[PDB]
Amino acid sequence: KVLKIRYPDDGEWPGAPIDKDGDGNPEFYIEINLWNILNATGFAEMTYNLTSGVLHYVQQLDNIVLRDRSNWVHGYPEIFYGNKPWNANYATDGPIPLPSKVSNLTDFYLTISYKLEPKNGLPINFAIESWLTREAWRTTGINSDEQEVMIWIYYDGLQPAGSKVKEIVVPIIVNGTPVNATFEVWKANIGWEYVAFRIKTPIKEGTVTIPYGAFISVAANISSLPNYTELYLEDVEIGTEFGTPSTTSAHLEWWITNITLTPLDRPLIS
């Protein structure tokens, strides 16, 4: 039927597996993940139609107070594949064997169909994220010698952490058209190493395809981390960070109607 998770009714941390064939190995995992909201009024609800495959998120939050203003954004309601290292949730029923070492993975395309409707000027992005960890099956967080990589294919009013390194051009596909797209590369120290690729021409809705290794190769190339090839690419998460400390009302709706990961016959790291 329809899988539904809701904040605050299901608790602090609503989330659920998507396990179509009931094999106890989910294909994807969804979380509302309001991880820097200490208190708010209102609600956020995510539903997944097990027939149409449509994930739909509706958020009407007000009177927001953050856990830690220095963490900047409010949360990252999302769907992911792989092992998310901040908790015991995972989804590994898919064609890409995450978690695996970067040095052992082949490249893959990530294709997402979506439509974003932030309301009232709300700062948001639509960002794909992966964590790279010393341990494949981490469930308790991230250490200072590990990495977070984000790829922002939409943003309005939000800036990545840290500082701008350079611009790169990556061949991507936008609504069926091959596009050589420019991304700004940003790098931060926030408790671990962070690298974000923020596209220069953000895409508010449609179907976007990226070659994942174009981004992980650059993140490897610019890393300050030692023994980068020891790292496991844990997962691929897709969601919307939203809000800054200026934001006390965050009303947002979106839909993601397909996620596909397509293996390629070439290494991840070029």
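When you see a residue number, it is the position in the sequence shown, counting from 1.
Once the C-alpha B-factors are averaged per stretch, 102-110 and 80-88 rank with 102-110 first. On average the C-alpha atoms of 131-139 have higher B-factors than those of the other stretch, with 131-139 and 156-164 being the two compared.
Looking at the C-alpha B-factors along this chain, the one for residue 207 belongs to the middle third. Among the modelled residues of its chain, residue 35 has a C-alpha B-factor that falls in the lowest third, as given in the PDB entry.
Residue-level temperature factors show residue 182 in the middle third of its chain, judged at the C-alpha atom. For residue 125, the recorded CA B-factor ranks within the lowest third of the chain. Only modelled residues enter the ranking.
Remark: residue 243 belongs to the lowest third of its chain, ranked by C-alpha B-factor as recorded.
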